[PDB]
Every structure is written in structure tokens, then in C-alpha cells.
Amino acid sequence: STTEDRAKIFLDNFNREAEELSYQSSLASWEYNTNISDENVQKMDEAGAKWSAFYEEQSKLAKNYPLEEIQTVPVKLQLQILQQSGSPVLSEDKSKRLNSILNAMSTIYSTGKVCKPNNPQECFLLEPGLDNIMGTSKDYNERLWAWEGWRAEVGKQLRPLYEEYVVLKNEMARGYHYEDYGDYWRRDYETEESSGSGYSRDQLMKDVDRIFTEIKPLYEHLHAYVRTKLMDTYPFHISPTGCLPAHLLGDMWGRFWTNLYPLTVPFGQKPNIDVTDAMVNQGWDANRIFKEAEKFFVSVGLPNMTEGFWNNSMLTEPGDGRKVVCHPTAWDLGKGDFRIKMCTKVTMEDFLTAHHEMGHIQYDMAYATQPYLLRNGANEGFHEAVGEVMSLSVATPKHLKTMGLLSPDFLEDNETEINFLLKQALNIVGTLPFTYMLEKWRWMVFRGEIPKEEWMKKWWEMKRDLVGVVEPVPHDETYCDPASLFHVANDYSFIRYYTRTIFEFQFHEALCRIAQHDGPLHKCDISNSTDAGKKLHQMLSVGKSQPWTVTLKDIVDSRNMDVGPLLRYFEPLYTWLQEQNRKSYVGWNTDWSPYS
Amino acid sequence: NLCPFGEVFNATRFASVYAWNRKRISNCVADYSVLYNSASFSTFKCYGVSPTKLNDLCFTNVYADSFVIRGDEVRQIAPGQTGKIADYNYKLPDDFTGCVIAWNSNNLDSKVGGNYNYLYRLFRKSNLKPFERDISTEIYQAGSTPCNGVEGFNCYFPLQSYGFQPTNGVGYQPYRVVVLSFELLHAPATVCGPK
Ligand SMILES: *[C@@H]1O[C@H](CO)[C@@H](O)[C@H](O)[C@H]1NC(C)=O
Ligand SMILES: [Zn+2]
């Protein structure tokens, strides 16, 4: 028979055996996360080793089936995913050298601490020590200490490792018939197989480049508004026409400007929308948060949660002497077992987080019909985007009023919309240049466009041109400030957060159009709209079975990424930012630096 | 002369789908109303015969087939459906005249760590004929290299084990199926309803 029929037998045996080995690792990792113990750590490492060894063995066996001879589109993706994901073609010594470098980076990042001057033994860690200082302090010299200290202690150590990390990753990617490690990372968006119109790995760079040119107006006005407000807090260190100092942007790397909201709040006297105090008075518990979240997804027609989710999940901090990992996560164990590990608290944050993680489960529940290999989002950005689109509707003032959490007489002014939209833009918009720059530097480093001799030079040259952020202290090539972020030192792509922001607001406009929403996009609630859930269900069930170009076209009527919905979402803020950025310089000068 | 419907439904042991058990119910009166009214069965779909009028019909012999499958496989038992259960394990004819009854058995057939004692057939050379059983354990040849009675390269064992654990979803949970097959031939009828 044909090798296509011979391959279908190989994938049948894989899907059956993989589901049991992945379920064992998922059940073991759940036990460690819900019961921290040295014994459970061993069970988790042993179960994970069985899954990885079986995965890497079957990845070699998949290479025996030529992809050119497979005609059915599901099997081609599974064979292609299996061949490229595992089996490092690198040498025996290099593969262990890569693991030695990869494992060392996570230890220097997780255990690297910065010690205060005048107290060499009072040393602080990134969590929760250095993060609280970098997100709450208003002192220039305090933040500069934490900024440079983290850059010098953790970054300088990672510099010689990262230079060896790039060459070893490029040799690995070159084995899978890819140009460099950046090209290997960009294959998630490759709609390689289509008649024509196959979405290219290089096209993702082009479309993302276009996005930056389209979002630059809103960012340049947000950069100017933050600048004028920051000059009141930091008087003699910020230039009215220069770039923004790095250590003053609400976090260690400038990833999110949201912690600058007390310093950049448009209207201070207008009250906030926090419903946490009302939830406490109304006797809301952990069950109410997740059950009212279940009602919201049931309202749009999405399925009810499995009863196993209600009894096998850690929806609250158990206590009971059990040590747990209190980090919000959505679990797709692998055999219809869907759980959520969340040490919830009666807060608006956790109420919104519950909807964001339940959206992943609703995504996971829908694509369970597809094979195991194709059981994931179409691209990196699709998954978290779904969780945030649902979270957008539940934070609207109407939804909190309908749930009884917000008073019926709450003032809905244009003053209240600007405060909400700025807080959103400080997180949603501010990260996009930082995200574009971080991946552009890495992509260019992998491609060889930046030599190691000019690594840090181009990092800050791009920080000044693309992000508007200037180095507070001159940094030599002994540093590796890009690696000072978790995703860079832990071999994770960052372009997901760029693409997820584009797709999120594309979904939001389409579902609100279907829901016949009358008004602005930022006050939309897709609740009680069965038609919107139908379009959503068709997108979630597809997963990776269909190209993301076709999957995106079925819900938003477009085969490409479009920033229109995002810019239209922030249009009330754009017109407000433009009137207030009168009397103010909008833009930045690359040459000005706080050290000069 | 009452029909032993209690033994096949209320049985402590059920067989695997590849080795489905068949029992002849004959020479007795059968009360189909007490079975269909029981809300313990999640599936009770009769093809070719009306379930309500089952008590007022006479057949020569009644065949009760018993096996265990997954939740997502109860659809594959129905007539005219295809799949690894219908094609290689248990096939119902296109002109099937009988009833299919199933209910959830996660409380009995699921264990922590996995009940691997229930098993199925993943691969076969040809599809099974209607009402046929295959108990062969011969190694399957997928590639050109001969197996020669050894499991190995491109040589997969035809029978693989279901994995039922108590934490699975309803789709991956074990389900016990009982298939009543009705036969009418030129012979004295032995199974009839109390009339
Ligand atoms: C099954 O057993 C229960 C008692 O445990 C009995 O009430 C019921 O009638 C039995 N059903 C059959 C079909 O034997
Ligand atoms: Zn998420």
C-alpha cells in the first residue's frame, strides 16, 4: 500500500500511546503543583522522561515517512509537527552543552539576587522583592540601583552563555531545513500548505513590521502623555523631547506601563470600578466566581463545564497542610480531564482571571475532537486571545451592574472611559513596541545581522528608535540586557504577545458586530448572544487542523492580521490624547540620555 | 418461563469489545417495558423496531451481546457507522433490527492507575463482517520487513488496552453496552411478550 496508509497506522499507534503517557505526566505534574513534595517531584520527572523519550523516538520514526508522499492534510501536519519538534540533529556533546547552557540560564535568573549598597547581606530577589520595588517606588536612585543591579549580576553572567546559546540553536534549526532559530520559531504562523497564498515565515516579519508603522501614532501620543506626567514625579531627570528612562516604566524591563497608572491617571477624582469590596459584602465565594463564569459561557451557547472540573480542580488554596503552586493555570490533562489550578481570592482580579482561564478550558474542550498533535491553538496568539476577549466583556460596567456587583447609579462619564482606556493602553499598547523590539533584536541576532561586538549597541539603538526608551546608565557589551527577561533566558518566543493582541481585538470586533452591539467597542458585552458563541465554537474546535488563515477568515472575515480593530477600540483615547498632547512635544530624540 | 434479562444487564463481569459475549434468550416471556423505563441506561435506541411496541411482538430467538467501550464509541455501535470499533471490533448490519442499550460504568470499571484489563483492536487487514468476532493475536505487518512473529519495526500488536481511570471525562470513561438482536425465521417462536 501507499506510505500514506502506512503513515496513518503509525500516527494511530502514536495517538493511542501518547495519550496515556501524556496523561501520566499531566497527572504527576498536577500532584506536584497541588502537593509540593520531593517524592512527587521524582514521580513528575520520571513520568515526564517517559513522555519525552517516547516523543523523541517516534519523531525519528516519523522521518521515515516522506512528507511529499502524504496527501491527506491532517496526517501531513502531524508528521511535520513530529519531525521538526524533537530529535535534535546536534552532536552528542553539543546537545548536552545546550542543556547545560539552557539549564544554567534558568538558575541564574531564578536565584540571581541583587544586594543593597551599605548592606552587603540585605539582598533582594526578583519575586517578590525587586518586582515590588520596580512597580511601586517613585525614587530615581532606588530604581536605578535595582535596574543596573539586575542587569549586571544576572545579565553579565548570561552574556557568554547567550553567545554560545545562539550558535547552538542555529545549528539545531539548520538541521530541520530552516534558515536560523528565528525561522524555526516563526513556523507556527506558516500556513505552508495552500494552493497558493501560503503564509510565509518571512511574511510574519513583514506583517508585524507594518503593524508597528500603523500603531506608532497611538504609541507616540501615549509616550508623550506619560512623559509630561512623569516629569511631575521625576522633575530633573526627564527631557521634554528626549526618550523615556527605562527604570521608571513600572517594571524592570519596561514590558508594562500599567503600574504607572497612579502617576499618569487622567482624572484622579473620578472613582474606580473595583467591585472587590462589594463581592466581600455580598458573600461571594470561590464557587460563585467560577459558577458565574460558567453562566457567562453558557449564555453565549458554549458548553457547561465537565463535572470532573468541579470536583478534581484546585479552585482555591486548599490549606490542609498541602504546599501548592499558586499560579493561575488551565489544565488540558489529555483525556477529557480539564482542571484549573488557581489559589483564588475574592477579588475583581481573580474574578476576571477566572474567565480568562475558563476560556482556555472552553477552547480545550472544543478542540478535543481533533488528534492529539493537532490539539492546540492555530498559532501562538490564538489561545490567550480567546481568554482575554471573554475577559473584556465581563469587565464592562453593564456586566458588573447585571451581576449586581456594581451600583445601578454608577456614573458613566467620558471621564470614566478615558481612565479605563488609558489603563488598558498602558498594558495593551505599551508592550507592543517592547515586544516588537525584543523579537526583532533576537531575530536579527540569529540571522547574523548584529555581531556580538554590537549586540548591546543595537539593543539600545533600537530601544531609542522603536520603543522611545533610553538607557539610564551606559552599558558595555559585557551585559545581556535582553536576557534579563524570563522569556529570553528560558528559550521562549515573545512574538506571541504581539500577535495575540492583534487577534484579540479582531475577535472582539467580530463578536460584538454579531451581537448587534450599539455603541463603542470598549463597552461591549457578548453575553446572551448565542450567535457569537457559534462563531467562536467553530474557531476553537478547528485547532491546528486548518491553516490559521482559513480559521481566522471564518470568524473575522480576513485572512491576515489587522490592527484596525485594536486602533478602533482605542479611538476614544486617541482623540483625547491628541487634544492634550497639544502644548507638548510628541516624539523623541534618539541622542538624549540621562547620563549624556 | 420468565426471561433471564437480569443476568445480562446486572452482571458483575463484562467482556472486552474484541471478545464480545453473546447469550441466547429463548423459551420465555420478556418484559421490555421494565428495561426501557429504567433511567439507569443513558442509551436505549432501537433501530428497525419501535421501542414502545417491543412488548407486543414475537421473535424466534433473542441474542444479547455484551462488551465495554469508551464514551465516544457508543455512536460507532449503531448501524451504518464506521470506526475502529465498528470496522475491527463489533459491526452491526445496515439492516439491523434490534436495540442498543448502554450506561456509564465509571464507578465499577475504572481504577486509580488505570484498568488496562479492557482492550480493543487498533489495526486489522480487512474490515469485519456483520456480527463477526476476531480473537486472533497475530502481529500486524505495516511495512515491507516481515515480522516473523515478533513485535518490532513497523510491526504493531493488533490488540491494545483501553485505559480507564476515574478522573477521565465522560467521553473517555468506560461504558457497558448490551445489544438485543431479534431473529424471526420459519420456526416456532420462543420469545414473546406477556400477552
Ligand atoms: C438490576 O438490579 C437491581 C437491584 O440492584 C434491580 O432493581 C433491577 O431490576 C435489576 N435490573 C435488571 C435488568 O436485572
Ligand atoms: Zn491565559
# chains A, B, ... in the order shown; residues from 1 in each chain; ligands from 1
call {"tool": "residues_around", "arguments": {"residues": "region 145-154 of chain B", "least_positions_apart": "6", "cutoff": "8 Å", "atoms": "only C-alpha atoms", "output": "mmCIF file with N, CA and C atoms, in the first residue's frame"}}
result
data_model
loop_
_atom_site.group_PDB
_atom_site.id
_atom_site.type_symbol
_atom_site.label_atom_id
_atom_site.label_comp_id
_atom_site.auth_asym_id
_atom_site.auth_seq_id
_atom_site.Cartn_x
_atom_site.Cartn_y
_atom_site.Cartn_z
ATOM 1 N N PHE A 10 0.989 4.487 11.716
ATOM 2 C CA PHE A 10 1.991 4.964 12.664
ATOM 3 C C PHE A 10 1.427 6.057 13.565
ATOM 4 N N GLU B 138 -2.362 -12.346 16.055
ATOM 5 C CA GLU B 138 -1.216 -12.358 15.157
ATOM 6 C C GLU B 138 -0.717 -10.943 14.898
ATOM 7 N N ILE B 139 0.608 -10.799 14.853
ATOM 8 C CA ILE B 139 1.230 -9.492 14.684
ATOM 9 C C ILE B 139 0.878 -8.919 13.316
#
call {"tool": "closest_atom_pairs", "arguments": {"of": "chain A", "to": "chain B", "cutoff": "7 Å", "atoms": "only C-alpha atoms", "output": "JSON lines"}}
result
{"residue": "A:6", "atom": "CA", "partner": "B:142", "partner_atom": "CA", "distance": 6.1}
{"residue": "A:308", "atom": "CA", "partner": "B:167", "partner_atom": "CA", "distance": 6.8}
{"residue": "A:335", "atom": "CA", "partner": "B:168", "partner_atom": "CA", "distance": 5.9}
{"residue": "A:336", "atom": "CA", "partner": "B:169", "partner_atom": "CA", "distance": 4.2}
{"residue": "A:337", "atom": "CA", "partner": "B:168", "partner_atom": "CA", "distance": 5.3}
call {"tool": "residues_near_ligand", "arguments": {"ligand": "ligand 1", "cutoff": "7 Å", "atoms": "only C-alpha atoms and all ligand atoms", "output": "list in words"}}
result
residues 5, 6, 7, 9, 10 and 35 of chain B
call {"tool": "write_last_selection", "arguments": {"atoms": "C-alpha atoms", "output": "short mmCIF file (atom, residue, chain, number, x, y, z; two decimals), in the first residue's frame"}}
result
data_model
loop_
_atom_site.label_atom_id
_atom_site.label_comp_id
_atom_site.auth_asym_id
_atom_site.auth_seq_id
_atom_site.Cartn_x
_atom_site.Cartn_y
_atom_site.Cartn_z
CA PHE B 5 -32.88 -10.44 31.35
CA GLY B 6 -31.43 -9.81 34.81
CA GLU B 7 -28.21 -11.76 34.25
CA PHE B 9 -27.70 -6.40 32.37
CA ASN B 10 -26.91 -6.88 36.08
CA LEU B 35 -35.92 -2.33 30.93
#
call {"tool": "residues_near_ligand", "arguments": {"ligand": "ligand 2", "cutoff": "9 Å", "atoms": "only C-alpha atoms and all ligand atoms", "output": "JSON, numbers by chain"}}
result
{"A": [328, 329, 330, 353, 356, 357, 358, 359, 360, 383, 384, 385, 386, 387, 388]}
call {"tool": "write_last_selection", "arguments": {"atoms": "N, CA and C atoms", "output": "mmCIF file, in the first residue's frame"}}
result
data_model
loop_
_atom_site.group_PDB
_atom_site.id
_atom_site.type_symbol
_atom_site.label_atom_id
_atom_site.label_comp_id
_atom_site.auth_asym_id
_atom_site.auth_seq_id
_atom_site.Cartn_x
_atom_site.Cartn_y
_atom_site.Cartn_z
ATOM 1 N N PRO A 328 -2.224 30.965 38.451
ATOM 2 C CA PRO A 328 -3.396 30.622 37.628
ATOM 3 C C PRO A 328 -2.997 29.877 36.364
ATOM 4 N N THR A 329 -3.568 28.685 36.191
ATOM 5 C CA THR A 329 -3.263 27.833 35.051
ATOM 6 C C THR A 329 -4.516 27.084 34.621
ATOM 7 N N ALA A 330 -4.599 26.803 33.324
ATOM 8 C CA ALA A 330 -5.645 25.966 32.754
ATOM 9 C C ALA A 330 -5.022 24.656 32.294
ATOM 10 N N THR A 353 -9.631 36.902 36.129
ATOM 11 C CA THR A 353 -8.710 35.825 35.783
ATOM 12 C C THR A 353 -9.441 34.500 35.612
ATOM 13 N N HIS A 356 -10.663 34.286 32.172
ATOM 14 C CA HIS A 356 -9.590 34.166 31.189
ATOM 15 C C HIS A 356 -9.087 32.731 31.106
ATOM 16 N N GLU A 357 -9.035 32.033 32.242
ATOM 17 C CA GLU A 357 -8.583 30.647 32.239
ATOM 18 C C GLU A 357 -9.700 29.681 31.866
ATOM 19 N N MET A 358 -10.947 29.989 32.233
ATOM 20 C CA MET A 358 -12.065 29.169 31.778
ATOM 21 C C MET A 358 -12.218 29.235 30.265
ATOM 22 N N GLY A 359 -11.871 30.372 29.659
ATOM 23 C CA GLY A 359 -11.897 30.459 28.209
ATOM 24 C C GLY A 359 -10.938 29.482 27.556
ATOM 25 N N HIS A 360 -9.773 29.272 28.175
ATOM 26 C CA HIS A 360 -8.840 28.271 27.672
ATOM 27 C C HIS A 360 -9.441 26.877 27.759
ATOM 28 N N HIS A 383 -4.635 31.278 21.446
ATOM 29 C CA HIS A 383 -5.102 30.718 22.711
ATOM 30 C C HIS A 383 -5.373 31.808 23.743
ATOM 31 N N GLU A 384 -4.344 32.567 24.127
ATOM 32 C CA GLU A 384 -4.565 33.575 25.159
ATOM 33 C C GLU A 384 -5.518 34.663 24.687
ATOM 34 N N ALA A 385 -5.594 34.896 23.375
ATOM 35 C CA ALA A 385 -6.515 35.904 22.861
ATOM 36 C C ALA A 385 -7.956 35.571 23.226
ATOM 37 N N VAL A 386 -8.341 34.299 23.093
ATOM 38 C CA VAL A 386 -9.700 33.889 23.439
ATOM 39 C C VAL A 386 -9.994 34.193 24.901
ATOM 40 N N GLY A 387 -9.033 33.919 25.785
ATOM 41 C CA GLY A 387 -9.248 34.181 27.199
ATOM 42 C C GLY A 387 -9.443 35.653 27.504
ATOM 43 N N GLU A 388 -8.727 36.522 26.786
ATOM 44 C CA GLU A 388 -8.843 37.955 27.036
ATOM 45 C C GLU A 388 -10.094 38.551 26.404
#
call {"tool": "atom_distance", "arguments": {"atom1": "CA of residue 199 (chain A)", "atom2": "CA of residue 491 (chain A)"}}
result
24.4 Å
call {"tool": "residues_around", "arguments": {"residues": "residue 163 (chain A)", "least_positions_apart": "2", "cutoff": "12 Å", "atoms": "only C-alpha atoms", "output": "ChimeraX atom specification"}}
result
/A:98,101-102,156-161,165-170,442,445-446,448,450-453,455,477-480,483,489
call {"tool": "residues_around", "arguments": {"residues": "residue 506 (chain A)", "least_positions_apart": "2", "cutoff": "10 Å", "atoms": "only C-alpha atoms", "output": "ChimeraX atom specification"}}
result
/A:385,389,500-504,508-511,552,555-558,561-566,569
call {"tool": "atom_distance", "arguments": {"atom1": "CA of residue 263 (chain A)", "atom2": "CA of residue 499 (chain A)"}}
result
28.7 Å
